[PDB]
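S.K.: Sharing target_36.txt (compact mmCIF, C-alpha atoms) below.
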# COMPACT_ATOMS: atom_id res chain seq x y z
CA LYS A 1 138.48 78.84 152.40
CA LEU A 2 136.83 75.58 153.44
CA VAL A 3 133.34 77.09 153.53
CA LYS A 4 133.81 78.81 150.16
CA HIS A 5 135.08 75.73 148.31
CA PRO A 6 132.96 74.73 145.28
CA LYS A 7 132.82 71.06 146.26
CA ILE A 8 131.10 71.74 149.58
CA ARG A 9 128.99 74.56 148.14
CA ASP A 10 127.44 72.47 145.37
CA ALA A 11 126.72 69.49 147.62
CA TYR A 12 125.03 71.53 150.34
CA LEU A 13 123.14 73.60 147.76
CA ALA A 14 121.75 70.44 146.16
CA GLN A 15 120.92 68.69 149.45
CA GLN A 16 117.39 69.40 150.72
CA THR A 17 117.71 69.10 154.50
CA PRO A 18 117.40 71.47 157.48
CA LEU A 19 121.14 71.08 157.99
CA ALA A 20 121.80 72.09 154.38
CA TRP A 21 119.51 75.12 154.56
CA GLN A 22 120.97 76.33 157.86
CA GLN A 23 124.60 76.12 156.73
CA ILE A 24 124.05 77.94 153.41
CA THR A 25 121.64 80.79 154.23
CA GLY A 26 121.54 80.52 158.03
CA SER A 27 124.06 81.46 160.69
CA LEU A 28 127.07 79.22 161.28
CA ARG A 29 127.56 80.57 164.83
CA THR A 30 126.17 77.75 166.97
CA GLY A 31 129.07 76.72 169.24
CA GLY A 32 129.88 77.51 172.84
CA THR A 33 131.34 80.60 174.49
CA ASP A 34 135.09 81.23 174.29
CA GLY A 35 134.94 84.19 176.70
CA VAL A 36 134.70 87.03 174.16
CA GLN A 37 131.72 85.94 172.05
CA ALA A 38 128.63 83.92 172.87
CA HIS A 39 129.01 81.45 169.99
CA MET A 40 131.79 80.23 167.70
CA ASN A 41 131.54 79.27 164.04
CA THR A 42 130.88 75.57 163.51
CA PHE A 43 130.76 73.54 160.30
CA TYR A 44 129.75 69.91 159.72
CA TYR A 45 131.09 67.85 156.82
CA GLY A 46 132.01 64.20 156.35
CA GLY A 47 131.36 63.53 160.04
CA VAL A 48 134.09 65.89 161.22
CA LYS A 49 133.10 69.08 163.05
CA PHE A 50 135.33 72.12 162.51
CA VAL A 51 135.58 75.11 164.83
CA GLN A 52 137.18 78.55 164.54
CA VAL B 1 138.35 106.29 168.23
CA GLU B 2 138.11 105.62 164.50
CA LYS B 3 134.95 104.87 162.55
CA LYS B 4 134.56 101.72 160.45
CA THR B 5 132.77 101.34 157.11
CA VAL B 6 131.86 97.96 155.61
CA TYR B 7 131.90 97.86 151.80
CA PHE B 8 129.31 95.55 150.25
CA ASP B 9 130.38 95.01 146.64
CA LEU B 10 126.82 94.42 145.42
CA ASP B 11 127.79 95.42 141.86
CA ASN B 12 130.22 92.49 141.47
CA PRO B 13 128.80 89.05 140.56
CA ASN B 14 131.73 87.48 142.46
CA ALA B 15 131.27 89.56 145.61
CA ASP B 16 131.69 87.98 149.06
CA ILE B 17 128.72 89.08 151.16
CA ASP B 18 129.42 86.48 153.86
CA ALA B 19 132.86 87.96 154.51
CA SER B 20 131.36 91.42 154.98
CA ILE B 21 128.70 90.12 157.37
CA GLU B 22 131.34 88.23 159.36
CA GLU B 23 133.42 91.41 159.54
CA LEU B 24 130.38 93.31 160.81
CA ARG B 25 129.80 90.70 163.52
CA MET B 26 133.47 90.57 164.49
CA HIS B 27 133.81 94.34 164.87
CA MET B 28 130.81 94.38 167.21
CA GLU B 29 132.06 91.42 169.24
CA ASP B 30 135.66 92.67 169.53
CA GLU B 31 135.63 96.46 169.82
CA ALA B 32 132.99 96.35 172.58
CA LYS B 33 135.42 96.12 175.49
CA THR B 34 132.71 95.68 178.11
CA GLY B 35 134.53 92.74 179.70
CA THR B 36 131.55 90.42 179.20
CA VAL B 37 130.40 87.89 176.62
CA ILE B 38 128.75 89.65 173.68
CA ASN B 39 126.35 88.25 171.08
CA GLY B 40 126.99 89.99 167.77
CA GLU B 41 123.77 88.77 166.15
CA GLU B 42 121.69 91.24 168.21
CA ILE B 43 122.17 94.31 166.01
CA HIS B 44 119.86 96.62 164.10
CA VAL B 45 120.45 97.37 160.42
CA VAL B 46 118.61 100.32 158.85
CA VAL B 47 118.93 100.24 155.07
CA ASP B 48 118.10 102.59 152.21
CA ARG B 49 115.81 101.83 149.28
CA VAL B 50 118.59 101.55 146.69
CA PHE B 51 120.73 99.39 148.98
CA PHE B 52 117.77 97.10 149.68
CA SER B 53 117.01 96.72 145.97
CA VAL C 1 141.34 27.20 134.74
CA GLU C 2 142.51 30.73 133.97
CA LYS C 3 142.15 33.80 136.16
CA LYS C 4 140.33 36.93 135.03
CA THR C 5 141.02 40.61 135.67
CA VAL C 6 138.69 43.61 135.36
CA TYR C 7 140.01 47.09 134.56
CA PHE C 8 138.07 50.15 135.73
CA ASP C 9 140.34 52.99 134.55
CA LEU C 10 138.96 55.27 137.25
CA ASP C 11 141.44 58.02 136.30
CA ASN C 12 139.76 58.65 132.93
CA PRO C 13 136.65 60.89 133.03
CA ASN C 14 135.27 58.96 130.03
CA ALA C 15 135.37 55.57 131.78
CA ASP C 16 132.33 53.26 131.68
CA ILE C 17 132.18 51.86 135.20
CA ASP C 18 128.79 50.21 134.69
CA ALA C 19 130.26 48.22 131.80
CA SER C 20 133.00 46.81 134.05
CA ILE C 21 130.52 45.99 136.81
CA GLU C 22 128.27 44.17 134.33
CA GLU C 23 131.32 42.33 133.01
CA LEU C 24 132.16 41.13 136.52
CA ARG C 25 128.57 40.03 137.18
CA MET C 26 128.37 38.19 133.85
CA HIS C 27 131.65 36.39 134.49
CA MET C 28 130.46 35.28 137.92
CA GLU C 29 127.11 34.12 136.54
CA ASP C 30 128.54 32.28 133.52
CA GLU C 31 131.70 30.60 134.87
CA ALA C 32 130.03 28.82 137.80
CA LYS C 33 129.27 25.72 135.68
CA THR C 34 126.89 24.18 138.20
CA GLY C 35 123.62 23.77 136.29
CA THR C 36 121.48 26.05 138.46
CA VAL C 37 120.19 29.60 138.41
CA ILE C 38 122.71 32.00 139.95
CA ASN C 39 122.45 35.57 141.24
CA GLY C 40 125.59 37.47 140.29
CA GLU C 41 125.03 40.34 142.74
CA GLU C 42 125.83 38.18 145.80
CA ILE C 43 129.57 38.80 145.87
CA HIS C 44 132.11 40.44 148.15
CA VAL C 45 134.52 43.15 147.00
CA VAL C 46 137.56 44.02 149.13
CA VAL C 47 139.10 47.28 147.95
CA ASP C 48 142.45 48.98 148.47
CA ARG C 49 142.64 52.50 149.86
CA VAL C 50 143.85 54.07 146.61
CA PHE C 51 141.19 52.23 144.62
CA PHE C 52 138.44 53.42 146.98
CA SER C 53 139.66 57.02 146.88
CA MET D 1 133.06 91.46 129.32
CA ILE D 2 129.91 89.52 128.46
CA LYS D 3 126.98 91.60 129.69
CA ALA D 4 124.03 89.96 131.41
CA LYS D 5 121.08 88.77 129.31
CA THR D 6 122.88 89.64 126.07
CA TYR D 7 121.62 86.50 124.31
CA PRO D 8 118.15 84.90 124.25
CA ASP D 9 119.45 81.35 123.80
CA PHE D 10 122.33 79.12 124.80
CA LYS D 11 122.82 78.25 121.13
CA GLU D 12 123.78 81.84 120.35
CA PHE D 13 125.62 82.24 123.65
CA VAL D 14 128.05 79.46 122.73
CA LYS D 15 128.67 81.05 119.34
CA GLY D 16 129.47 84.36 121.02
CA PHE D 17 131.75 82.61 123.51
CA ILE D 18 133.70 80.82 120.78
CA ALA D 19 133.99 83.99 118.71
CA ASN D 20 135.36 85.88 121.72
CA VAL D 21 137.80 83.08 122.60
CA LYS D 22 139.18 83.08 119.06
CA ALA D 23 140.11 86.74 119.64
CA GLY D 24 142.61 85.85 122.37
CA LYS D 25 140.22 86.56 125.24
CA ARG D 26 140.18 84.16 128.19
CA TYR D 27 137.52 83.39 130.79
CA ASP D 28 137.52 81.45 134.06
CA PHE D 29 134.59 81.22 136.47
CA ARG D 30 135.00 77.84 138.18
CA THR D 31 134.91 79.41 141.66
CA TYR D 32 131.53 81.16 141.23
CA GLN D 33 129.72 79.03 138.64
CA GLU D 34 126.50 79.17 140.67
CA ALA D 35 126.00 82.89 139.97
CA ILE D 36 126.50 82.92 136.18
CA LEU D 37 124.52 80.05 134.66
CA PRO D 38 120.76 80.65 134.23
CA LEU D 39 118.19 77.97 135.06
CA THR D 40 117.75 76.33 131.65
CA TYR D 41 119.18 76.30 128.13
CA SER D 42 116.23 78.35 126.84
CA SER D 43 116.45 81.28 129.28
CA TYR D 44 118.46 84.44 128.64
CA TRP D 45 122.21 83.82 128.74
CA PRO D 46 124.30 84.64 130.75
CA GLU D 47 122.56 85.28 134.08
CA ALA D 48 125.27 87.73 135.20
CA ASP D 49 128.27 89.55 133.77
CA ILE D 50 131.38 87.52 132.95
CA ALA D 51 134.75 89.25 133.03
CA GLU D 52 137.86 88.31 131.08
CA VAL D 53 140.92 86.84 132.79
CA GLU D 54 144.57 87.81 132.43
CA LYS D 55 146.13 84.33 132.44
CA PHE D 56 145.06 80.82 131.44
CA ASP D 57 147.36 78.67 133.59
CA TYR D 58 145.15 75.61 133.23
CA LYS D 59 145.77 72.13 131.85
CA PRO D 60 143.51 69.09 132.36
CA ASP D 61 145.30 65.98 133.56
CA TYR D 62 142.95 63.67 131.66
CA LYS D 63 143.31 63.58 127.89
CA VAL D 64 141.56 66.40 126.03
CA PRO D 65 140.00 66.12 123.47
CA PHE D 66 138.80 62.53 123.92
CA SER D 67 139.37 61.99 120.19
CA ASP D 68 140.08 64.01 117.06
CA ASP D 69 136.42 64.69 116.25
CA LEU D 70 134.81 64.67 119.71
CA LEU D 71 135.61 66.64 122.86
CA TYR D 72 134.16 64.07 125.27
CA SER D 73 133.11 60.45 124.91
CA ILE D 74 129.39 60.22 124.25
CA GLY D 75 127.44 60.33 127.50
CA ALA D 76 130.25 61.77 129.61
CA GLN D 77 129.24 63.89 132.61
CA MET D 78 131.36 66.83 133.72
CA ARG D 79 131.04 69.99 135.79
CA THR D 80 129.62 72.81 133.70
CA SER D 81 132.50 75.23 134.30
CA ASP D 82 134.98 72.49 133.42
CA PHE D 83 133.32 72.11 130.02
CA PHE D 84 133.97 75.76 129.18
CA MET D 85 137.53 75.51 130.49
CA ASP D 86 138.22 72.39 128.41
CA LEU D 87 136.64 73.72 125.21
CA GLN D 88 138.66 76.92 125.60
CA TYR D 89 141.84 74.90 126.15
CA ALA D 90 141.11 72.80 123.05
CA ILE D 91 140.47 75.90 120.92
CA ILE D 92 143.74 77.39 122.16
CA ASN D 93 145.42 74.27 120.73
CA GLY D 94 144.30 74.89 117.14
CA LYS D 95 141.04 72.94 117.16
CA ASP D 96 137.82 74.45 115.84
CA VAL D 97 134.21 73.72 116.81
CA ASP D 98 131.49 72.58 114.42
CA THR D 99 128.45 72.27 116.69
CA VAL D 100 127.58 71.91 120.37
CA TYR D 101 125.30 69.02 121.30
CA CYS D 102 122.72 70.59 123.63
CA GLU D 103 119.35 69.94 121.96
CA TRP D 104 117.79 67.53 124.47
CA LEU D 105 119.87 68.34 127.56
CA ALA D 106 117.66 69.12 130.55
CA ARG D 107 119.76 70.42 133.47
CA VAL D 108 122.42 73.12 133.27
CA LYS D 109 124.14 73.09 136.67
CA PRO D 110 126.09 71.88 138.56
CA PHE D 111 126.65 68.90 136.23
CA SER D 112 125.74 68.62 132.56
CA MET D 113 126.21 66.24 129.64
CA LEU D 114 127.39 68.91 127.19
CA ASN D 115 129.66 67.94 124.30
CA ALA D 116 131.24 69.42 121.18
CA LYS D 117 132.34 68.33 117.71
CA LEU D 118 135.84 69.43 116.71
CA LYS D 119 137.71 69.99 113.46
CA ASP D 120 141.04 71.44 112.32
CA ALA D 121 141.46 75.18 111.83
CA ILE D 122 143.12 76.93 108.88
The structure in this file should be written as structure tokens.
M.R.:
Amino acid sequence: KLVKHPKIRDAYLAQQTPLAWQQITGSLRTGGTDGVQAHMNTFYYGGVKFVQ
Amino acid sequence: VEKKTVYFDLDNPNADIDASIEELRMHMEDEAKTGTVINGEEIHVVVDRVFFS
Amino acid sequence: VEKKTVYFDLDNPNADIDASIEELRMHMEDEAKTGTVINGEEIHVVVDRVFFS
Amino acid sequence: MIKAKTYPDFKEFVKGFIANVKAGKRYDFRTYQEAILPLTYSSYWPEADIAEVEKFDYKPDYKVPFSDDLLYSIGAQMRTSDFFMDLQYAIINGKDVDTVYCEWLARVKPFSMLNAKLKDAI
């Protein structure tokens, strides 16, 4: 729900930065290993860093 | 064991491709009960002409 | 002397914020009454949480 | 359902939209605005198919229309989908549209300076 929200979508679509490109068309899996998968979804916004 | 099919709704303007891709990754990373860390991004995807278009 | 208040009406999508900011700057520049050139942009603004949001 | 590329111009697209809305049809595409609006106001409209909606449980908190004869105060900026939601809501409330001010507007999404001139229906 957070990733799909229009407010984040429009801002990151408009922004021209490697971070913006990676989070829109790239892969969000860049975290550590939780023991079942090599990487966990991570999202940056407003300074906070969310994890699934 | 049961087979899994992932339905890309490419005919719908409001389709959610990201959800389907995440499901594809999650199936690979979960149902592979090897007992070791698995990277779901290392998969092949062979596609047909119509699907690619 | 008499105090002045500036209304921003931030809840209304049709508000003219630039008009209020210019009003504040003009008041600061005109009410000094000191006989010297004055820059109205050198002012502090302490804001409440609700106002900032 | 509005089929893709059914109009060559936004000027005719708005007329079609108003005509459809006056027939009781309702539309809502706030959640996927990015995939409907073409690049400019001179391209073929709409970029993709738009489907009707069953309900119209929507009501702006801010006053709409701004005045009797104007949907928004001159120079107001709003999200493009919100403009179509608000114009539809106004039409539902008995108002009618004379013209849509879009002659010199440059950018279509995600924000636009669109506006409309209203009158009273019969």
S.K.: Any chance you could dump chain B, least-squares fitted to chain C on all C-alpha atoms in order, as a PDB file with C-alpha atoms, in the coordinates of the input?
M.R.:
ATOM      1  CA  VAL B   1     141.501  27.443 134.158  1.00  0.00           C
ATOM      2  CA  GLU B   2     142.501  31.032 133.421  1.00  0.00           C
ATOM      3  CA  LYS B   3     142.220  33.974 135.790  1.00  0.00           C
ATOM      4  CA  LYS B   4     140.285  37.126 134.892  1.00  0.00           C
ATOM      5  CA  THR B   5     141.142  40.730 135.774  1.00  0.00           C
ATOM      6  CA  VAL B   6     138.663  43.601 135.432  1.00  0.00           C
ATOM      7  CA  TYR B   7     140.245  46.959 134.564  1.00  0.00           C
ATOM      8  CA  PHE B   8     138.489  49.973 136.074  1.00  0.00           C
ATOM      9  CA  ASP B   9     139.746  53.013 134.163  1.00  0.00           C
ATOM     10  CA  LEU B  10     139.228  55.377 137.105  1.00  0.00           C
ATOM     11  CA  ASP B  11     141.814  57.817 135.700  1.00  0.00           C
ATOM     12  CA  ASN B  12     139.745  58.540 132.564  1.00  0.00           C
ATOM     13  CA  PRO B  13     136.880  61.072 132.812  1.00  0.00           C
ATOM     14  CA  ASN B  14     135.090  59.124 130.043  1.00  0.00           C
ATOM     15  CA  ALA B  15     135.492  55.718 131.684  1.00  0.00           C
ATOM     16  CA  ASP B  16     132.645  53.175 131.605  1.00  0.00           C
ATOM     17  CA  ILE B  17     132.264  51.816 135.133  1.00  0.00           C
ATOM     18  CA  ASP B  18     128.881  50.232 134.365  1.00  0.00           C
ATOM     19  CA  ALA B  19     130.419  48.065 131.648  1.00  0.00           C
ATOM     20  CA  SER B  20     133.062  46.790 134.063  1.00  0.00           C
ATOM     21  CA  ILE B  21     130.471  45.996 136.734  1.00  0.00           C
ATOM     22  CA  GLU B  22     128.315  44.179 134.174  1.00  0.00           C
ATOM     23  CA  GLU B  23     131.366  42.186 133.083  1.00  0.00           C
ATOM     24  CA  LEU B  24     132.047  41.269 136.710  1.00  0.00           C
ATOM     25  CA  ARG B  25     128.461  40.066 137.148  1.00  0.00           C
ATOM     26  CA  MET B  26     128.465  38.162 133.861  1.00  0.00           C
ATOM     27  CA  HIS B  27     131.695  36.293 134.605  1.00  0.00           C
ATOM     28  CA  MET B  28     130.264  35.136 137.936  1.00  0.00           C
ATOM     29  CA  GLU B  29     126.936  34.110 136.414  1.00  0.00           C
ATOM     30  CA  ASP B  30     128.451  32.296 133.411  1.00  0.00           C
ATOM     31  CA  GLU B  31     131.682  30.611 134.489  1.00  0.00           C
ATOM     32  CA  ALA B  32     129.988  29.035 137.530  1.00  0.00           C
ATOM     33  CA  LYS B  33     128.873  25.845 135.795  1.00  0.00           C
ATOM     34  CA  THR B  34     126.937  24.538 138.786  1.00  0.00           C
ATOM     35  CA  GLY B  35     123.903  23.718 136.640  1.00  0.00           C
ATOM     36  CA  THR B  36     121.622  25.935 138.736  1.00  0.00           C
ATOM     37  CA  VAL B  37     120.334  29.500 138.614  1.00  0.00           C
ATOM     38  CA  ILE B  38     122.936  31.898 140.007  1.00  0.00           C
ATOM     39  CA  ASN B  39     122.474  35.427 141.354  1.00  0.00           C
ATOM     40  CA  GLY B  40     125.559  37.467 140.506  1.00  0.00           C
ATOM     41  CA  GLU B  41     124.708  40.318 142.879  1.00  0.00           C
ATOM     42  CA  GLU B  42     125.692  38.204 145.918  1.00  0.00           C
ATOM     43  CA  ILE B  43     129.448  38.816 145.803  1.00  0.00           C
ATOM     44  CA  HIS B  44     131.990  40.303 148.178  1.00  0.00           C
ATOM     45  CA  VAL B  45     134.350  43.058 147.042  1.00  0.00           C
ATOM     46  CA  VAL B  46     137.381  43.864 149.213  1.00  0.00           C
ATOM     47  CA  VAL B  47     139.009  47.103 148.093  1.00  0.00           C
ATOM     48  CA  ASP B  48     142.221  48.960 148.885  1.00  0.00           C
ATOM     49  CA  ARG B  49     142.488  52.501 150.225  1.00  0.00           C
ATOM     50  CA  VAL B  50     143.782  54.035 146.986  1.00  0.00           C
ATOM     51  CA  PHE B  51     141.182  52.209 144.890  1.00  0.00           C
ATOM     52  CA  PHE B  52     138.406  53.360 147.228  1.00  0.00           C
ATOM     53  CA  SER B  53     139.577  56.977 147.062  1.00  0.00           C
TER      54      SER B  53
END
S.K.: What is the CA of residue 57 (chain D) to CA of residue 94 (chain D) distance in Å?
M.R.: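 Computing it gives 17.2 Å between the two atoms.
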S.K.: Return as a list in words the residues belonging to chain B that are within 7 Å of chain A, counting only C-alpha atoms.
M.R.: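 Those within range of chain A come out as residues 29, 36, 37, 38 and 39 of chain B.
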S.K.: Would you list the contacts of region 61-72 of chain D as a PyMOL selection string, taking every protein, DNA or RNA residue within 12 Å and counting only C-alpha atoms, but skipping same-chain residues closer than 3 positions in sequence?
M.R.: (chain C and resi 9-15) or (chain D and resi 58+75-78+82-101+113-120)
S.K.: Taking only C-alpha atoms into account, report as a PyMOL selection string which residues of chain D lie within 12 Å of chain B.
M.R.: chain D and resi 3-4+28-37+46-51
